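Listed here are the chains, written in short residue letters.
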Amino acid sequence: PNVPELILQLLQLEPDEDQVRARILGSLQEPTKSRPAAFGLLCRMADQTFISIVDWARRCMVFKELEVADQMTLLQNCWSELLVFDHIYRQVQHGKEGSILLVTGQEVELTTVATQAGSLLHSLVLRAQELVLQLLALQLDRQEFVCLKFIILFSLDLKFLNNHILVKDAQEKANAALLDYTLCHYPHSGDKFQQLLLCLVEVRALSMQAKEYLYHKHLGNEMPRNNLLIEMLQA
Amino acid sequence: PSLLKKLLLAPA
């Protein structure tokens with residue numbers, strides 16, 4: 001069966017997980033100011049994840065051909081959702097329900113989260129793992145993941161954008177590609193396209209919960225200054 | 001003034 005052209009391009013724009021892991025692992029060796037040292041390392045890791053996500057958005061087809069005011073507005077709207085989705089798909093590729101995989105490749109056991117994390121983080125992780133299980137049951141592959149990511153990037157009410165017809169095109173074009181792909185390849189357990197969209201709704205709800213967790217840490221004054229994610233949290 | 005912008009308008 002054929003594959004939509006928009007997906008095939010999104011596949012070739014995807015950075016391989018090894019060079020992103022090395023770049024992030026390499027940036028975590030750079031020295032910094034002390035005052036927990038692992039909490040500081042995890043914040044920086046998440047930060048570097050968001051940088052390579054911006055680097056991915058910069059290379060995409062419709063995003064590149066967009067002026068800066070619109071580029072910023074899109075990313076400001078979808079940043080945590082793109083971070084959550086990146087974590088989720090990592091867990092899909094990491095088929096181990098007893099632990100979570102980090103972008104650096106280190107595994108953290110769920111038992112470790114359950115006794116060392118607060119309720120908010122632990123809730124947030126368990127909820128995310130529930131979505132991981134549903135995506136594995138729906139047999140999420142890489143063609144849809146790339147398509148999903150591109151839908152998240154542009155899934156914004158068109159009022160807030162200036163180069164508006166360019167964006168409208170993208171949304172329809174990405175929905176049709178995901179529709180066309182799931183119909184030819186997954187015709188067995190119901191409306192895959194619809195189920196995947198229902199996942200988008202859950203990724204949005206997870207990303208708000210994630211934003212609430214950052215706000216909790218922020219009120220605790222435990223968040224390192226200059227942190228990229230809390231600066232995103234405030235625009 | 002902004003951070004996102006900085007990242008966006010970066011090398012290459």
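Residues numbered from 1 in each chain as written, not as in the entry; some residues may be left out. Chains lettered and ligands numbered in written order. Heavy atoms only, no water. Residues with missing side-chain atoms left out of burial classes, pairs and counts.

As recorded in the entry header, the structure was determined using X-ray crystallography to a resolution of 2.504 Å.

A few words now on the overall build of chain A. Tallying secondary structure elements over chain A gives 11 helices and 2 strands in all. Tracing chain A from N to C terminus, the helices and strands come up as α-α-α-α-α-β-β-α-α-α-α-α-α. Summarising its shape, the C-alpha atoms of chain A cover approximately 55 × 40 × 30 Å along the three principal directions. (Helix = DSSP H or I, 4+ residues; strand = E, 2+ residues; numbered from the N terminus.)

Residue and element names in this part refer to chain A. Summed over all chains, the structure comprises 6 aromatic pairs over all chains. Ring centres of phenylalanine 150 and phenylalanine 154 lie 4.9 Å apart, and the angle between their planes is 45 degrees; this geometry places the pair in the tilted category. Of this pair, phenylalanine 150 and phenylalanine 154 are both found in helix α8 (residues 142–154), 4 residues apart, which corresponds to roughly one turn of the helix. Grouping residues by exposure puts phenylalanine 150 and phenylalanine 154 together as buried. By way of ring pairs, the aromatic residues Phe63, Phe150 and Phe154 are connected into one cluster. One cation-aromatic arrangement involves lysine 159 over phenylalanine 160; the distance from NZ or CZ to the ring centre is 5.8 Å. Directly above the ring of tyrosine 186 sits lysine 192, whose terminal nitrogen or CZ lies 3.1 Å from the centroid. (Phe/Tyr/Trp six-rings, centres within 6.5 Å; stacked < 30°, edge-to-face > 60°. Buried < 20%, exposed > 50% of the residue type's maximum accessible area, 1.4 Å probe, protein only. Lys NZ or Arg CZ within 6 Å of the ring centre and 35° of its normal.)

Another aspect to go through is the state of the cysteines. Here, the word disulfide means a covalent bond between the sulfur atoms of two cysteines. Residues and elements named next belong to chain A. If you walk through the whole model with that rule in mind, you get 0 disulfides over all chains. Take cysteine 60: it sits in no disulfide, and the sulfur closest to it among the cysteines is that of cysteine 78, at 11 Å. No disulfide involves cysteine 147; its sulfur sits 11 Å from that of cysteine 60, the nearest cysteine. With a relative accessible area of 0%, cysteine 147 lands in the buried category. (Disulfide = S-S within 2.5 Å.)

Residue and element names in this part refer to chain A. Interhelical geometry of α8 versus helix α10 (residues 192–219) gives an angle of 50 degrees and a closest axis separation of 11 Å. With respect to their mutual orientation, α8 and α10 come out oblique. Where α8 crosses over α10, the handedness of that crossing is right-handed. For the pair α8 and α10, contact is made by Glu144, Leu148, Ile151 and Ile152 and by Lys192, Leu196, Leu200 and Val203, respectively. The class makeup of the residues in the contact of α8 with α10 is 6 nonpolar, no polar and 2 charged. (Axes fitted to C-alpha atoms, helices over the stretch in contact; angles between N-to-C directions. Parallel < 35°, antiparallel > 145°, perpendicular 65-115°, else oblique. Left-handed = near helix turned anticlockwise from the far one by under 90°. Contact = heavy atoms within 4.5 Å. Nonpolar A, V, L, I, M, F, W, Y, C, P; charged D, E, K, R; others polar.)

All right, on to the nonpolar core then. Membership of the largest hydrophobic core comes to 71 residues, with the highest contact counts inside it found for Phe50(A), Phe63(A), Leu135(A), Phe150(A), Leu153(A) and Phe154(A). The element that contributes the greatest number of residues to this core is helix α5 (residues 68–93) of chain A, accounting for 12 residues. (Core = buried A, V, L, I, M, F, W, Y, C linked by side-chain atoms within 4.5 Å.)

Residue and element names in this part refer to chain A. According to the stated counting rule, one finds 11 salt bridges over all chains in the structure shown. The salt bridge involving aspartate 18 is made with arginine 21; its shortest N-O contact spans 2.9 Å. Separated by 3 residues within a single helix, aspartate 18 and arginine 21 lie in helix α2 (residues 17–27), roughly one turn from each other. With a relative accessible area of 31%, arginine 21 lands in the partly exposed category. A salt bridge links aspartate 86 to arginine 90; its shortest N-O distance comes to 2.7 Å. Of this pair, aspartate 86 and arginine 90 both sit in helix α5, 4 residues apart, which is roughly one turn of the helix. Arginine 90 gets classed as buried once you look at its relative accessible area, which sits at 16%. Beyond isolated ion pairs, a larger network of salt bridges with shared partners links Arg23, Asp55 and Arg58. (Salt bridge = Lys/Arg side-chain N within 4 Å of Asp/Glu carboxyl O.)

The next subject is helix α7 (residues 119–137) of chain A. All names here are of chain A. Relative to the 27 Å expected for 19 residues at 1.5 Å per residue, α7 spans 27 Å between its end C-alpha atoms, a close match to the ideal helical length. Buried within α7 are the following residues: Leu124, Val125, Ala128, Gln129, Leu131, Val132 and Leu135. Seen end-on, α7 carries its buried residues on one side only, within an arc spanning 160 degrees. The outward face of α7, more than 90 degrees from its buried face, is lined by the exposed residues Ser119, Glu130, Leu133 and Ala137. Those residues of α7 that are buried lie in contact with α5, β1 (99–101), α6 (110–116) and α10. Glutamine 139, located one to two residues past α7, shows a positive phi value of around 60 degrees. (Expected span 1.5 Å × (residues − 1). Arc of directions from axis to C-beta.)

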